[PDB]
There are 2 protein chains.
Amino acid sequence: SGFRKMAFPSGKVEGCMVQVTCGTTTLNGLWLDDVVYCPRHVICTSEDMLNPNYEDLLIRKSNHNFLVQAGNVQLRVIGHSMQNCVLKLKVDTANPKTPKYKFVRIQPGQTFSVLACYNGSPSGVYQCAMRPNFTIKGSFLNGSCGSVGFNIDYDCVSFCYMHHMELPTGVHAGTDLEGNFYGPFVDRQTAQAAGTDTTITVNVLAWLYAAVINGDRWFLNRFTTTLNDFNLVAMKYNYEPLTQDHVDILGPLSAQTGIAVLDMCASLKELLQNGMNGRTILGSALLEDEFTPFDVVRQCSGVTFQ
Amino acid sequence: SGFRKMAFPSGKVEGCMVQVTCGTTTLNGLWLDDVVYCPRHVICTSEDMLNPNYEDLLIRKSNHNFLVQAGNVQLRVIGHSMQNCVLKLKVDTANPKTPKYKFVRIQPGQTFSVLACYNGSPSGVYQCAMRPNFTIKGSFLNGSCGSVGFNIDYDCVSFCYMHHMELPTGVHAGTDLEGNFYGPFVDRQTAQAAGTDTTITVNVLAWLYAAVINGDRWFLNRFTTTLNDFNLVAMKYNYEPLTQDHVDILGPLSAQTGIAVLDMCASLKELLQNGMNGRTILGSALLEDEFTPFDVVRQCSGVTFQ
Ligand SMILES: *C(=N)[C@H](C[C@@H]1CCNC1=O)NC(=O)[C@@H]1[C@@H]2[C@H](CN1C(=O)[C@@H](NC(=O)CC(C)(C)C)C(C)(C)C)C2(C)C
Ligand SMILES: *C(=N)[C@H](C[C@@H]1CCNC1=O)NC(=O)[C@@H]1[C@@H]2[C@H](CN1C(=O)[C@@H](NC(=O)CC(C)(C)C)C(C)(C)C)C2(C)C
C-alpha cells in the first residue's frame, strides 16, 4: 500500500541526452539512432527571438555550426533539417543506447514523466500532466530546453513532450517530438496567455478510487447522481465535463472497489460543495488530478517494465 | 521556475536490480561488483516468519538454494553470508554496470529516491523522506522487498535504504545497506508500532523559502521571533525543535531571498496559528516537509549529475 506521484524509471531516456550548442546558445537534445532532436530556437540569437524567420535563419547555417556533445565525446553533424518547431541534426555515429521507442502525441489529461536536464546531464525526474490548456506545471530553469516527457510501456519509450518556453505565469509550453506545439503557443518572444485552466475531472475520480483502495473511506456516501446532475455541479466548480467515455475508463477501478462510478461522482459532488473540513485524502488537502485511471491501476497492482 | 517533488535520475541504480528467489520466496536484490544484496527474510518460509532464528536457518541452506536472475541471465552463487539483517550472495560474474557508489546511513529528515521494483524490474521512482520515527511513507506492494533508496552526488550513488516490511498503518520500514534497520523494528512477524511522528520543521522552512524564490509571498510578515518563542509554538503543533544548526543550514536560502531565518520562523508560527484560509503554497494546501534545504538549492539552481 501507499500512493505516490510516481515517475517511470528514467534509465532508457538518460542514455539519449546530449548537449547541443549553436552560436551563443546551449540546450538539450534527444539522440535516437543517428538523429539528434532539439528546439529550433537553438539557431536564434538574442536580438532575433522577438520575431524570427526560422526557415530563413536556418538556410544561413552550416553543419559545423552545431556543437553536439555526447558526454565528453563530440558528435559530427552531417546534415540538418527543420520539422515544424524541432531541429533534426543527422550525425555520423548511431546511438548504441537507443531504446525501442515511439513518438506519440497525447491528449490533455494524460500524464508523463519529465527528465529535467542541463547541458545534456539529467538533474531529476518528476511526474506531470498535460493541462486542459496545453500547459504543464513543470520545474524548469535556464538551459532546460530539449528535456523531454515520456511514458514507458513494457520496453518501449513513448516520447510525448519536448520543452521550449516558460509562460509569464510560470507554467510551461513545449511540443511533441515532431515539433508541433501543444496549444496555441509559438517559439517567438511576444505576449502569450496560457488560457484559463479547468480540473481534469476523470482523474480526480481515479484518485478517489486510489484512496478507497488504500483504506481512506471517510468520503463515500449513500447518495447517487446522474451524469447530467453531476455535470451541472462540476461546471460551477470549473471541473471538466465527465463523458460516457470517462465512466467507461473508470470501469475496472469501480469493479475493484465495489463503488459504482456514478456513486463516486455523488461523492465528489459533496466534496466540492462541502470542502474537506480539515480531513485529507491520500495525504493531501486538495483534490488531486494528475493521476490517470491508468496510473492508479499500475501503482496499485505492481506493473513493471523491461 | 516551478517546484516539484523531484527524484534523482534512476539510471545508475536500474543497472543493479536483480531477482532473488529462495524456496517459495522471490524478492529484489542490489548487484554491485560480484555481490548481490537482499533482505535476509528471503530464507524464511511462510510458517517461519512468526519468530525465526536467521543464523540457524541460514546454516541449513547451500549456494544452489538461491536463484539469482540478472535479466534473463542466471547468476551463480559461490558464497553467502549474513550481515545484521541483509543477505550477501557472492556470484561468479561481476556486474559491469556498477556505478561509483557508497553505503551511507542517513538521519531522519533526509530525503532520498526510491526505485520500486518487482521481480528485479523497476516499476517507478519517487521521492521519500526518513520520518522522525524511522518510517517512510512509500508505495510498496507484494514483492517490493529489496528495492533501495538512494541519493546521487555528481557520479556517485549513495545507497541509504533497502525495503523490508509494511507496518499495520501502511507506512514502511527497512534497513541501511549494511543491514541495520532504521528505528526499533525487526524482521519478525510480531506486533510493532511505528511510534508517533512529528513534522520536520527545518524542512517546512526550506519549502517556504522555495515558495518565496518562486513568487509566492502572501505569507511573509514583519513580525520576528526568537528560537525559544518559536520552539514553544512548534511543540503545540507537534513540529520538531529548531536547533541553532538548522538556522545555519538555512543560511544560503535566507541569503538568496533576503528573509532572515528567524523572520521566516515567525511566518510559520502565524501559519500554524491561523491555518491557510483557503490559500495554497507551491500548489499545496498543507505545510510540506519532504524537502531539505539541499533539495531547494538543487532544484532552484539547476545542479545535474554525471
Ligand atoms: C529553455 N532552454 C528556456 C528555459 C526557460 C527559462 C526558465 N524556464 C524556461 O523554460 N526557454 C527559453 O528560453 C524560451 C525561448 C526564448 C525565451 N524563452 C522563454 O521561455 C522566455 N519566456 C517568454 O518570454 C515566453 C513568451 C512570452 C514568449 C510566451 C523566458 C523564460 C522569459 C526567458 C523562446 C521563447 C524562443
Ligand atoms: C517485501 N517483499 C514485503 C512487501 C510488503 C507487502 C506489501 N507491502 C510491503 O512492504 N514485505 C513483507 O512481506 C514483510 C516480511 C514478512 C511479512 N512482511 C510484511 O511487511 C507484513 N507486515 C507485517 O506483518 C509487519 C509487522 C507486524 C511484522 C511489523 C505484511 C505486509 C502483512 C505481509 C516480514 C515482516 C519478514
# chains A, B, ... in the order shown; residues from 1 in each chain; ligands from 1
$ residues_near_ligand --ligand "ligand 1" --cutoff "9 Å" --atoms "only C-alpha atoms and all ligand atoms" --output "ChimeraX atom specification"
/A:25-28,39-42,44,46,49-50,118,138-147,163-168,170-174,185-194 /B:1-2
$ interface_residues --of "chain A" --to "chain B" --cutoff "7 Å" --atoms "only C-alpha atoms" --output "PyMOL selection string"
chain A and resi 1-11+14+118+121-126+137-141+170+285-286+302-306
$ residues_around --residues "residue 102 in chain A" --least-positions-apart "6" --cutoff "9 Å" --atoms "only C-alpha atoms" --output "NGL selection string"
:A and (156-160)
$ select_by_dssp --residues "range 3-250 of chain B" --states "helix (DSSP H, G or I)" --output "VMD selection string"
chain B and resid 11 to 14 40 to 42 54 to 59 63 to 65 201 to 213 227 to 236 244 to 249
$ write_last_selection --atoms "N, CA and C atoms" --output "compact mmCIF listing (two decimals), in the first residue's frame"
# COMPACT_ATOMS: atom_id res chain seq x y z
N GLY B 11 18.77 5.88 -13.58
CA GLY B 11 19.59 5.05 -14.45
C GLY B 11 20.66 4.23 -13.75
N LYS B 12 21.56 4.91 -13.01
CA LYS B 12 22.68 4.22 -12.38
C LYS B 12 22.24 3.06 -11.49
N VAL B 13 21.07 3.17 -10.86
CA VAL B 13 20.55 2.13 -9.97
C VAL B 13 19.86 1.01 -10.74
N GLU B 14 19.14 1.35 -11.83
CA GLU B 14 18.40 0.35 -12.57
C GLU B 14 19.33 -0.75 -13.06
N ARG B 40 17.41 -10.58 4.44
CA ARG B 40 17.69 -11.92 4.92
C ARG B 40 16.43 -12.77 5.07
N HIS B 41 15.22 -12.16 5.09
CA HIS B 41 14.00 -12.96 5.16
C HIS B 41 13.59 -13.56 3.81
N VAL B 42 14.50 -13.54 2.83
CA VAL B 42 14.39 -14.44 1.67
C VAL B 42 14.52 -15.91 2.05
N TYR B 54 17.44 -16.64 12.30
CA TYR B 54 18.07 -16.49 10.99
C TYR B 54 19.42 -17.18 10.93
N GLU B 55 20.32 -16.85 11.87
CA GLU B 55 21.59 -17.55 11.98
C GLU B 55 21.40 -19.05 11.78
N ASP B 56 20.38 -19.62 12.43
CA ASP B 56 20.18 -21.06 12.36
C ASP B 56 19.59 -21.47 11.01
N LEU B 57 18.64 -20.69 10.48
CA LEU B 57 18.01 -21.03 9.21
C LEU B 57 18.99 -20.98 8.04
N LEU B 58 20.02 -20.14 8.15
CA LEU B 58 20.96 -19.93 7.06
C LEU B 58 22.03 -21.01 7.01
N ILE B 59 22.39 -21.58 8.15
CA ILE B 59 23.37 -22.67 8.12
C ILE B 59 22.77 -23.94 7.55
N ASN B 63 24.45 -22.96 -1.55
CA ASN B 63 24.50 -21.92 -2.58
C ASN B 63 23.40 -22.09 -3.62
N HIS B 64 23.20 -23.32 -4.11
CA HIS B 64 22.26 -23.61 -5.19
C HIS B 64 20.82 -23.38 -4.80
N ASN B 65 20.58 -23.12 -3.53
CA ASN B 65 19.31 -22.67 -2.98
C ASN B 65 18.86 -21.31 -3.48
N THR B 201 10.58 20.30 10.95
CA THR B 201 10.41 21.75 10.94
C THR B 201 11.37 22.43 9.97
N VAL B 202 12.67 22.13 10.09
CA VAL B 202 13.69 22.75 9.24
C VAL B 202 13.27 22.68 7.78
N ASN B 203 12.63 21.57 7.41
CA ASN B 203 12.26 21.31 6.03
C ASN B 203 11.08 22.15 5.56
N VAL B 204 10.14 22.47 6.47
CA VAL B 204 9.00 23.30 6.10
C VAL B 204 9.45 24.74 5.88
N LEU B 205 10.42 25.18 6.68
CA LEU B 205 11.06 26.46 6.45
C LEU B 205 11.83 26.46 5.13
N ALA B 206 12.47 25.35 4.77
CA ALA B 206 13.17 25.27 3.49
C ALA B 206 12.19 25.37 2.34
N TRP B 207 11.02 24.75 2.49
CA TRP B 207 9.99 24.76 1.46
C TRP B 207 9.31 26.12 1.36
N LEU B 208 9.24 26.86 2.48
CA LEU B 208 8.72 28.22 2.42
C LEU B 208 9.69 29.17 1.71
N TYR B 209 11.01 28.93 1.83
CA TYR B 209 11.97 29.67 1.01
C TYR B 209 11.86 29.28 -0.46
N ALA B 210 11.54 28.03 -0.77
CA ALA B 210 11.30 27.67 -2.16
C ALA B 210 10.13 28.44 -2.72
N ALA B 211 9.07 28.60 -1.92
CA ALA B 211 7.90 29.35 -2.36
C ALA B 211 8.25 30.81 -2.67
N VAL B 212 9.01 31.46 -1.78
CA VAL B 212 9.42 32.85 -1.97
C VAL B 212 10.29 33.01 -3.22
N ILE B 213 11.19 32.05 -3.46
CA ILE B 213 12.01 32.04 -4.67
C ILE B 213 11.16 31.97 -5.91
N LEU B 227 14.21 31.91 18.70
CA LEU B 227 14.23 30.45 18.68
C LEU B 227 13.37 29.89 19.81
N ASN B 228 13.57 30.40 21.02
CA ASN B 228 12.79 29.97 22.18
C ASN B 228 11.29 30.15 21.94
N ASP B 229 10.85 31.39 21.69
CA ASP B 229 9.43 31.63 21.49
C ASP B 229 8.90 30.85 20.30
N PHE B 230 9.76 30.59 19.32
CA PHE B 230 9.35 29.81 18.17
C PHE B 230 9.24 28.33 18.53
N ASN B 231 10.19 27.82 19.32
CA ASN B 231 10.14 26.41 19.69
C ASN B 231 9.02 26.13 20.68
N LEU B 232 8.54 27.15 21.39
CA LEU B 232 7.39 26.97 22.27
C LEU B 232 6.11 26.75 21.47
N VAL B 233 6.02 27.36 20.29
CA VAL B 233 4.82 27.21 19.47
C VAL B 233 4.87 25.92 18.67
N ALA B 234 6.05 25.56 18.16
CA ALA B 234 6.20 24.35 17.37
C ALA B 234 5.70 23.14 18.14
N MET B 235 6.01 23.08 19.42
CA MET B 235 5.72 21.90 20.22
C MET B 235 4.22 21.67 20.31
N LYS B 236 3.44 22.75 20.46
CA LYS B 236 1.98 22.63 20.43
C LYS B 236 1.51 22.03 19.12
N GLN B 244 20.05 25.56 16.64
CA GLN B 244 20.96 26.53 16.05
C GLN B 244 21.53 26.01 14.74
N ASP B 245 21.63 24.69 14.60
CA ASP B 245 22.20 24.13 13.37
C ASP B 245 21.25 24.29 12.19
N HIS B 246 19.95 24.09 12.39
CA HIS B 246 19.01 24.26 11.29
C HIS B 246 19.03 25.69 10.77
N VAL B 247 19.03 26.66 11.69
CA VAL B 247 19.19 28.07 11.32
C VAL B 247 20.42 28.25 10.44
N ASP B 248 21.51 27.53 10.77
CA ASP B 248 22.73 27.67 9.99
C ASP B 248 22.58 27.03 8.62
N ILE B 249 22.01 25.82 8.56
CA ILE B 249 21.80 25.14 7.29
C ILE B 249 20.99 26.03 6.34
